[PDB]
Each structure stands twice: as C-alpha cells, then as structure tokens.
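Encoded as structure tokens, the structure appears first; notes follow it.
Every heavy atom of this structure was used, including side-chain atoms; hydrogens, water molecules and symmetry mates were not. The first residue of the sequence shown is numbered 1, and numbering continues consecutively from there.
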Amino acid sequence: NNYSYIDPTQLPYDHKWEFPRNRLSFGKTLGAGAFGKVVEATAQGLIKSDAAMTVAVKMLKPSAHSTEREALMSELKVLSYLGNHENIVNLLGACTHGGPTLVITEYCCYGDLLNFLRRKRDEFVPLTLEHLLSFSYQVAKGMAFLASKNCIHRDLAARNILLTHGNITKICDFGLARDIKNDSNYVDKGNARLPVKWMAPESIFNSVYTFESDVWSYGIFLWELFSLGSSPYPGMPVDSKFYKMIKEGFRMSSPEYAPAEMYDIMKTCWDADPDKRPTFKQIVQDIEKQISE
Ligand SMILES: Cn1cc(-c2cc3c(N4CCN(c5ncccn5)CC4)ncnn3c2)cn1
C-alpha cells in the first residue's frame with residue numbers, strides 16, 4: 001500500500017496544453033464516431049505566435065453522454081502521459097472550456113495507410129517493397145514505444161496508421177488505449193462493435209487484451225501491408241465458421257509481396273499461445289536485421 005502504480009488517468013489535466021478554441025478554424029471532417037468527429041483545422045499561433053498550422057481536432061458532440069466525455073479526457077491524459085514519439089500522432093493541445101472538449105493532434109497529410117496502399121496498388125513495383133519494409137519497421141517502433149510505457153492500443157490496423165511528410169507513419173486513434181498498470185491485462189467491459197478480424201482469439205473469446213494481443217493485431221497489419229491493402233480473411237464473413245476456424249488454427253497464407261522473413265513474423269504474431277508471440281522489441285530488432293541485409 002505504500003507503493004502503487006500511478007494511474008495516468010487519475011492525474012490532473014496539465015493546463016500547459018490549453019489552447020483557445022477561437023484560434024482554430026475547422027475544415028474537412030476526417031472521421032466520425034458516436035463520440036463526435038475529427039476534423040482538419042487551422043490553428044492560429046499554436047506553435048509560433050504569428051504562424052498558422054494545420055492540425056487535427058477531435059471533438060465531442062454537444063449531446064455526448066458521460067461515458068463519451070470522460071473517455072475523451074482519459075484519452076487526453078494517456079497521450080499527455082505517453083509523451084512525444086515520431087511514430088504516433090502526437091498531442092499538441094486541448095480546449096477544455098468554451099464548448100465541448102477538443103483534443104488537438106498532429107495532422108498527417110497523406111491520410112491512412114489502408115487507403116494509401118489501395119490508391120498506389122495499381123502502380124506498385126517490387127510504391128516499392130522498400131517502402132513496405134520501412135512502414136513495417138516504423139509501426140513496430142511506435143508499438144514498442146507504447147508497450148515500453150505499459151500501454152496497449154487495442155485497435156491496431158492499417159486504417160489506424162497515418163502517413164505524413166517524409167514517408168513517416170504514425171499510429172493514430174488512442175480512444176481505446178489503456179495503461180494496464182498492475183493487472184498485466186485488460187478485460188473489456190464495453191459492448192461496442194469490435195474489429196473482429198484483427199483480434200487475438202483470447203480477446204474474442206474472453207475479452208482479454210494484453211501486450212500480446214496488440215502483437216496479434218500487428219501481424220494482421222503486416223498482412224494488410226504486404227497485400228497492398230486487401231481486406232483480411234478474404235471470402236470469410238464473421239460468423240460461427242470464422243470463430244471455429246480461428247480457434248482450430250486457420251491462418252492467412254503469405255501475401256504475394258511479403259518476403260519470407262516477414263511472413264515468418266506474421267506467423268509468430270498469430271500463435272494461439274500468447275506467450276509464444278514475439279514482443280514489439282523483438283520485432284523491431286528482426287526487421288532492423290532485414291533492412292540492413
Ligand atoms: C483523406 N485524408 C484523411 C486524412 C487524415 C486523417 C487524420 C487523423 N485521424 C485520426 C483518427 N480519426 C478518427 N476517426 C474516427 C474516430 C476516431 N478517430 C480520423 C483520422 N488524425 C490526424 N491527421 N489526419 C489526416 C488526410 N487525408
């Protein structure tokens with residue numbers, strides 16, 4: 001009782017982040033949910049006093065219920081605790097009065113990697129394989145950073161990797177990210193729609209989320225990447241047969257453009273035994289070896 005894990009969501013909001021909402025000009029909607037939406041916006045004087053910059057702004061709709069309002073604040077506090085990293089969509093500011101809560105993050109000008117791969121699919125040549133290895137490395141580095149902070153993301157997928165200048169990929173959407181603190185896992189108590197084809201079996205069957213279940217989803221991400229944006233498990237709807245096959249050990253085959261060593265990572269990320277999956281640290285070092293060779 002004299003020592004405890006500091007819950008980042010119990011910490012005070014740090015007003016160092018506060019930014020006046022009247023200096024934001026909202027534009028295109030980038031995504032929407034039951035919480036509200038994310039929009040592109042211009043922020044006047046956010047980093048430099050006399051300069052405008054493009055940001056993304058996540059906003060609660062005025063009708064948001066208590067469940068969604070405190071979820072957005074919790075997300076803000078998790079991002080504040082995680083700190084800056086090159087391979088995540090970083091927190092830049094927040095607006096916590098004058099209207100609904102707003103969370104201001106970096107804007108990634110090339111949008112999500114799933115649509116990017118689908119746009120570039122027709123003109124891909126072995127967009128090149130070098131780009132795909134880079135994206136695989138950068139996402140592993142982002143996730144290794146999250147795991148090093150005792151956090152899990154719980155919706156890792158190509159649709160939640162964004163691309164910005166310099167071919168830099170950033171992990172986005174931390175609405176479900178959790179510090180697992182003392183429990184070493186997270187049992188989800190919600191009742192929302194779930195990304196079934198990206199989930200580890202123990203998450204589907206027992207609602208348990210761990211470092212190892214994030215690694216399962218990374219394996220699925222890799223399959224999306226090297227198939228140039230195909231939907232996973234083609235020709236298999238989510239139904240009784242899907243769950244039985246996954247439980248019995250069915251796995252996707254190697255994508256057309258995956259190097260053998262990258263499919264090897266995929267297969268280990270999809271081990272039925274969570275303990276036999278690699279860590280993100282191990283994945284980074286493996287892909288590092290592949291790049292240098
Ligand atoms: C066509 N195009 C789209 C972009 C784009 C999208 C984002 C972006 N998000 C964060 C996650 N989002 C979200 N959606 C629903 C629920 C929760 N989160 C929406 C997307 N964040 C930062 N930059 N950025 C740039 C550029 N071109």
Side-chain angles (χ1 to χ4, degrees), residues 5 7-11 30-38 56-61 64 66 69-83 85 87-91 94 101-106 108 112-114 139-140 142-162 169-180 185-188 190 192-221 224 232 238 269 274 280:
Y5 287 110
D7 182 343
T9 71
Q10 295 185 327
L11 298 177
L30 309 169
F35 68 97
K37 49 182 187 284
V38 180
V57 188
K58 182 165 191 178
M59 50 176 77
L60 293 171
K61 59 179 64 169
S66 294
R69 292 188 315 268
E70 274 136 7
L72 187 53
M73 178 58 67
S74 286
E75 174 179 355
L76 174 58
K77 290 181 180 189
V78 173
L79 292 167
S80 183
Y81 151 83
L82 286 174
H85 190 274
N87 295 117
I88 68 162
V89 176
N90 290 292
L91 178 66
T101 310
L102 310 184
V103 176
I104 308 164
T105 68
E106 292 176 324
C108 305
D112 68 281
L113 207 58
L114 184 59
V139 174
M143 293 303 298
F145 167 76
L146 298 188
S148 81
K149 305 290 291 205
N150 264 349
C151 289
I152 55 168
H153 180 281
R154 302 201 289 155
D155 195 13
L156 175 63
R159 65 185 170 269
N160 285 333
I161 309 295
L162 311 179
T169 51
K170 288 175 168 290
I171 296 152
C172 75
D173 190 346
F174 286 74
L176 300 179
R178 302 288 177 268
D179 183 318
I180 65 173
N185 69 348
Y186 184 84
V187 177
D188 181 63
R193 291 160 54 245
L194 294 165
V196 174
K197 284 186 169 182
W198 287 261
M199 286 164 67
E202 69 270 10
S203 304
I204 302 174
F205 301 141
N206 298 125
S207 300
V208 295
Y209 296 84
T210 57
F211 295 135
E212 297 91 336
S213 65
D214 270 357
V215 164
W216 178 289
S217 302
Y218 175 80
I220 302 295
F221 163 72
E224 292 185 275
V238 169
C269 296
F280 283 112

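Under the ring-ring contact (aromatic ring centres under 6.0 Å, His included) criterion, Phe221 pairs with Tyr218, not counting sequence neighbours. Partners of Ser203 by side chain to side chain contact (heavy atoms under 4.5 Å, CB included), not counting sequence neighbours, listed by chain and number: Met199, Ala200, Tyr209, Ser213. Every residue two or more places apart in sequence or in another chain that forms a side chain to side chain contact (heavy atoms under 4.5 Å, CB included) with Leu30 is listed here: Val38, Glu40, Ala56, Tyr107. For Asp214, the side chain to side chain contact (heavy atoms under 4.5 Å, CB included) test picks out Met143, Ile152, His153, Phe280, with sequence neighbours left out. For the side chain to side chain contact (heavy atoms under 4.5 Å, CB included) test, residues two or more places apart in sequence or in another chain that qualify with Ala177 are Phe174. Residues satisfying the salt bridge (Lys or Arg N to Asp or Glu O under 4.0 Å) criterion with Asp112, sequence neighbours excluded, are absent altogether.
When side chains are defined from C-beta on, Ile180 does not count as touching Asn185, because their heavy atoms never get closer than 4.5 Å. Contact of the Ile204 side chain with the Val196 side chain is registered, since non-hydrogen atoms from C-beta on lie closer than 4.5 Å. With contacts defined as side-chain heavy-atom distances shorter than 4.5 Å, the pair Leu91/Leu76 qualifies. Residues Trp198 and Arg159 have side chains in contact (heavy-atom distance under 4.5 Å, counting atoms from C-beta outward). No side-chain heavy atom of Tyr81 sits under 4.5 Å from any side-chain heavy atom of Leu11.
We find the CD-OG1 distance between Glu75 and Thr101 to be 11.0 Å, quoted to the nearest 0.5 Å. Distance NZ/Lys58 to CG/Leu72: 6.0 Å, rounded to 0.5 Å. One finds the CZ atom of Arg154 at 4.5 Å from the CG atom of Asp188 (value rounded to the nearest 0.5 Å). Between the CE atom in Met59 and the CD1 atom in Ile104 there is a gap of 10.0 Å [rounded to 0.5 Å]. Interatomic distance, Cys269 SG to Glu212 CD, rounded to the nearest 0.5 Å: 11.5 Å.
No side-chain donor-acceptor contact under 3.5 Å links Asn87 to the backbone of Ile171. The backbone N or O of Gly175 lies less than 3.5 Å from a partner atom in the side chain of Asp173, making a donor-acceptor pair. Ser148 places a side-chain N or O within donor-acceptor distance of the main-chain N or O of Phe145, the cut-off being under 3.5 Å. In terms of modelled atom types and a separation under 3.5 Å, the side chain of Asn160 and the main chain of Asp155 share a donor-acceptor contact.
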TODO: Quick one: do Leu146 and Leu82 satisfy side chain to side chain contact (heavy atoms under 4.5 Å, CB included)? Show the steps, please.
DONE: CA-CA 7 Å; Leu146 298 188; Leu82 286 174; 3.7 Å; yes
### Message
Walk me through whether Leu156 and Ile161 qualify under side chain to side chain contact (heavy atoms under 4.5 Å, CB included).
### Response
CA-CA 8 Å; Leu156 175 63; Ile161 309 295; 3.8 Å; yes
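For NZ of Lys197, the number of neighbouring non-hydrogen atoms (other residues, nucleotides, ligands) closer than 6.0 Å is greater than 12.
The two residues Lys170 and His85 make their nearest non-hydrogen contact at NZ-O, 3.8 Å.
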